[PDB]
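Report on one structure; see the data block that follows.
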Amino acid sequence: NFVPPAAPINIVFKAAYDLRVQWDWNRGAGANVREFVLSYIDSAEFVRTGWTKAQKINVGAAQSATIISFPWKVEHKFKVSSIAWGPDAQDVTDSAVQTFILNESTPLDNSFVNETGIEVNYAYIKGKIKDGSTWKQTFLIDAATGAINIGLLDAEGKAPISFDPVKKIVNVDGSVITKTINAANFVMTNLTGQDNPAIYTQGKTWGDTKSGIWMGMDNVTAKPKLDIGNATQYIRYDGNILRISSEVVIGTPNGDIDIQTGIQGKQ
Amino acid sequence: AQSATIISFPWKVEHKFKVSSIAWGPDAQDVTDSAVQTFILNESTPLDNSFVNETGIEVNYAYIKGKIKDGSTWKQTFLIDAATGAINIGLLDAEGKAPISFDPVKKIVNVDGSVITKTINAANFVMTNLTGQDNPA
Amino acid sequence: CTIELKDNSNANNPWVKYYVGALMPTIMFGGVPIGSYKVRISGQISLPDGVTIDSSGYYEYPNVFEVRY
């Protein structure tokens, strides 16, 4: 039973030519969102066909979207679809279609134009957000080093995602989701002061009724731990003692049989 | 990418070009090179302006977006949001999906493929089931 | 035996149990904060009756040490 992600609750509009669309997203006990897509088509084209050959704009799970040079006095329709990591059948949920047309009666809100900021410099490429009287760095791209910090800076200055070709390292704080990973050394690390490095199936804990695998270092008791199997049939190992619930077989029949000659019995 | 661009190539000057092929593997055969082919820019060389139309780079205070013309329409391939630095890469297939993206707000980097690294230092090698039909291992 | 701990840097802190198990020549445990601690050790032995358990007067190491960080 996979619960698809919940579509954005509401849509608002801001205009300047340029048109901005931002959608609020709230979710509970549902699939987490990983990407947001907006599709915009002309209303007449929508009547002719349903969202087919409709230009789409994709964002990295950012609520606000910007359309530059929107058609003037032309009807349009939009939908915002949340994207999750589930199966294709319920991977994506789309919001309710909302029509919209640029009109002389629509108030012009140019505040969003000033509230952001980007700059192209020989030294780097940098994006900023206007916060009161100051500007906060969003992402940086240095010229001397191919370092790309992504995300609003922490109060202590810790960037969420960091890169370093100099050390040939890709540094990401948080989580990484990939279909597969190929490597030569899965060296688990106790990155935090009190972390517990381990490899396991999601939502599995040692000495638990779940049916997963758990392997890692238990910093609480400072001993390695292991568990493979369900609640009843399992291979559970603690540094002090090992327990194997399931039936165990050692060797194979005729393991030490003479190859040149067989065996037999007679009376 | 299968193509490359050289901006402001010198005119009336000969040049020689080789195309490498780098792959994961032993250092001895880590790379493979294309056949050497020289070129010259001259009136005898026909000019093809077709390639200018397809590519497109959009830079704005709001964001930086790269776009490609397909069927006489811009198609977004990667976007760099100026606000919050939301980044997604790759062409959109069927419903808009970017194979690679980074979410600083949720501190999650999403990849729709494989990641290759000599070493990985992670404190939780959680073995999830994403598609739901593939048993993870 | 059960082993308790208390951060001695502050004037008064509540003793906290961190290890419960069989008494051994050497005891290993982790998952403790960084502050300097005082350690008391007590042993509990079960009387033939399941309910009643005989404990010990808490013995405390005179030395006080910081957790090896």
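As shown in the structure tokens, the chain order sets the letters A, B, ...; within each chain, residues go from 1, and ligands are also counted from 1 in the order they appear.
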
Using only C-alpha atoms, select each residue of chain A with any atom at most 9 Å away from an atom of chain C, and give the selection as a PyMOL selection string.
chain A and resi 193-195+218-223

Residues of the last selection are to be written out with C-alpha atoms, as a PDB file, in the first residue's frame.
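selection-v3.pdb, written as the output of this step:
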ATOM      1  CA  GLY A 193      29.379  12.594  17.668  1.00  0.00           C
ATOM      2  CA  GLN A 194      26.816   9.946  18.648  1.00  0.00           C
ATOM      3  CA  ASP A 195      25.955   8.336  15.308  1.00  0.00           C
ATOM      4  CA  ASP A 218      26.395  -0.282  18.179  1.00  0.00           C
ATOM      5  CA  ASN A 219      28.033   2.686  19.887  1.00  0.00           C
ATOM      6  CA  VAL A 220      25.727   2.278  22.896  1.00  0.00           C
ATOM      7  CA  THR A 221      27.341  -1.040  23.859  1.00  0.00           C
ATOM      8  CA  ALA A 222      30.424  -0.487  21.663  1.00  0.00           C
ATOM      9  CA  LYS A 223      30.023  -3.891  20.010  1.00  0.00           C
TER      10      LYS A 223
END

Taking only C-alpha atoms into account, produce a table as a Markdown table in which each residue of chain B with an atom at most 7 Å from an atom of chain A appears once, together with its shortest atom pair and the distance in Å to one decimal, ordered by chain and rising number.
| residue | atom | partner | partner_atom | distance |
| --- | --- | --- | --- | --- |
| B:61 | CA | A:118 | CA | 4.9 |
| B:62 | CA | A:116 | CA | 6.5 |
| B:76 | CA | A:57 | CA | 6.6 |
| B:79 | CA | A:59 | CA | 6.9 |
| B:82 | CA | A:127 | CA | 4.9 |
| B:83 | CA | A:129 | CA | 5.9 |
| B:84 | CA | A:138 | CA | 5.2 |
| B:85 | CA | A:151 | CA | 5.3 |
| B:86 | CA | A:60 | CA | 5.0 |
| B:87 | CA | A:60 | CA | 5.4 |
| B:88 | CA | A:60 | CA | 5.2 |
| B:96 | CA | A:37 | CA | 5.6 |
| B:101 | CA | A:60 | CA | 5.8 |
| B:102 | CA | A:60 | CA | 6.4 |
| B:103 | CA | A:60 | CA | 6.3 |
| B:104 | CA | A:151 | CA | 4.7 |
| B:107 | CA | A:174 | CA | 4.8 |
| B:108 | CA | A:175 | CA | 4.9 |
| B:109 | CA | A:176 | CA | 5.1 |
| B:110 | CA | A:177 | CA | 5.0 |
| B:111 | CA | A:178 | CA | 4.7 |
| B:112 | CA | A:179 | CA | 5.8 |
| B:113 | CA | A:179 | CA | 5.0 |
| B:114 | CA | A:180 | CA | 4.8 |
| B:115 | CA | A:181 | CA | 4.9 |
| B:116 | CA | A:182 | CA | 4.9 |
| B:117 | CA | A:183 | CA | 5.1 |
| B:118 | CA | A:183 | CA | 5.3 |
| B:119 | CA | A:185 | CA | 4.7 |
| B:120 | CA | A:186 | CA | 5.3 |
| B:121 | CA | A:187 | CA | 5.1 |
| B:122 | CA | A:188 | CA | 5.0 |
| B:123 | CA | A:197 | CA | 4.4 |
| B:124 | CA | A:198 | CA | 5.5 |
| B:125 | CA | A:199 | CA | 4.4 |
| B:126 | CA | A:200 | CA | 5.1 |
| B:127 | CA | A:201 | CA | 4.2 |
| B:128 | CA | A:202 | CA | 4.9 |
| B:130 | CA | A:86 | CA | 5.8 |
| B:131 | CA | A:87 | CA | 4.7 |
| B:132 | CA | A:87 | CA | 6.2 |

Can you tell me which residues surround residue A:145 at a distance of at most 12 Å, considering only C-alpha atoms, apart from same-chain residues fewer than 3 positions away, and format the answer as a list in words?
residues 123, 124, 140, 141, 142, 148, 149, 163, 164, 165, 166, 167 and 168 of chain A

Only N, CA, C and O atoms, please: the residues just picked out, written as a PDB file, in the first residue's frame.
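Result saved to again_9.pdb:
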ATOM      1  N   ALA A 123      34.910  36.254 -11.298  1.00  0.00           N
ATOM      2  CA  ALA A 123      35.350  35.478 -10.146  1.00  0.00           C
ATOM      3  C   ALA A 123      34.474  34.251  -9.932  1.00  0.00           C
ATOM      4  O   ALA A 123      34.977  33.177  -9.580  1.00  0.00           O
ATOM      5  N   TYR A 124      33.167  34.383 -10.141  1.00  0.00           N
ATOM      6  CA  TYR A 124      32.243  33.309  -9.804  1.00  0.00           C
ATOM      7  C   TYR A 124      30.860  33.659 -10.338  1.00  0.00           C
ATOM      8  O   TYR A 124      30.639  34.737 -10.894  1.00  0.00           O
ATOM      9  N   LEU A 140      26.974  29.241  -5.091  1.00  0.00           N
ATOM     10  CA  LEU A 140      28.201  29.860  -5.571  1.00  0.00           C
ATOM     11  C   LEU A 140      28.908  28.900  -6.512  1.00  0.00           C
ATOM     12  O   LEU A 140      28.812  27.680  -6.355  1.00  0.00           O
ATOM     13  N   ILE A 141      29.610  29.454  -7.498  1.00  0.00           N
ATOM     14  CA  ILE A 141      30.379  28.678  -8.467  1.00  0.00           C
ATOM     15  C   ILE A 141      31.696  29.417  -8.659  1.00  0.00           C
ATOM     16  O   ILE A 141      31.753  30.415  -9.384  1.00  0.00           O
ATOM     17  N   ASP A 142      32.755  28.934  -8.015  1.00  0.00           N
ATOM     18  CA  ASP A 142      34.032  29.631  -8.065  1.00  0.00           C
ATOM     19  C   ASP A 142      34.768  29.336  -9.367  1.00  0.00           C
ATOM     20  O   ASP A 142      34.665  28.247  -9.938  1.00  0.00           O
ATOM     21  N   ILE A 148      30.992  24.156  -5.988  1.00  0.00           N
ATOM     22  CA  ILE A 148      29.622  24.630  -6.121  1.00  0.00           C
ATOM     23  C   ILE A 148      28.913  24.343  -4.805  1.00  0.00           C
ATOM     24  O   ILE A 148      28.568  23.194  -4.507  1.00  0.00           O
ATOM     25  N   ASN A 149      28.697  25.385  -4.007  1.00  0.00           N
ATOM     26  CA  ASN A 149      27.874  25.266  -2.814  1.00  0.00           C
ATOM     27  C   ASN A 149      26.427  25.546  -3.183  1.00  0.00           C
ATOM     28  O   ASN A 149      26.134  26.521  -3.881  1.00  0.00           O
ATOM     29  N   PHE A 163      31.035  20.946  -2.707  1.00  0.00           N
ATOM     30  CA  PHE A 163      31.822  20.207  -3.681  1.00  0.00           C
ATOM     31  C   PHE A 163      33.278  20.633  -3.569  1.00  0.00           C
ATOM     32  O   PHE A 163      33.584  21.726  -3.084  1.00  0.00           O
ATOM     33  N   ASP A 164      34.178  19.760  -4.014  1.00  0.00           N
ATOM     34  CA  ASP A 164      35.591  20.117  -4.035  1.00  0.00           C
ATOM     35  C   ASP A 164      36.361  19.265  -5.037  1.00  0.00           C
ATOM     36  O   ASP A 164      36.816  18.168  -4.692  1.00  0.00           O
ATOM     37  N   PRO A 165      36.534  19.725  -6.279  1.00  0.00           N
ATOM     38  CA  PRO A 165      37.406  18.990  -7.206  1.00  0.00           C
ATOM     39  C   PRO A 165      38.852  18.941  -6.753  1.00  0.00           C
ATOM     40  O   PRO A 165      39.580  18.029  -7.166  1.00  0.00           O
ATOM     41  N   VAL A 166      39.292  19.888  -5.923  1.00  0.00           N
ATOM     42  CA  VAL A 166      40.677  19.883  -5.456  1.00  0.00           C
ATOM     43  C   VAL A 166      40.965  18.606  -4.679  1.00  0.00           C
ATOM     44  O   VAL A 166      41.969  17.926  -4.918  1.00  0.00           O
ATOM     45  N   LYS A 167      40.090  18.262  -3.739  1.00  0.00           N
ATOM     46  CA  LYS A 167      40.187  17.004  -3.012  1.00  0.00           C
ATOM     47  C   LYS A 167      39.435  15.877  -3.701  1.00  0.00           C
ATOM     48  O   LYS A 167      39.442  14.747  -3.203  1.00  0.00           O
ATOM     49  N   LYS A 168      38.790  16.153  -4.835  1.00  0.00           N
ATOM     50  CA  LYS A 168      38.053  15.141  -5.586  1.00  0.00           C
ATOM     51  C   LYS A 168      36.957  14.511  -4.729  1.00  0.00           C
ATOM     52  O   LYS A 168      36.703  13.309  -4.801  1.00  0.00           O
TER      53      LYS A 168
END
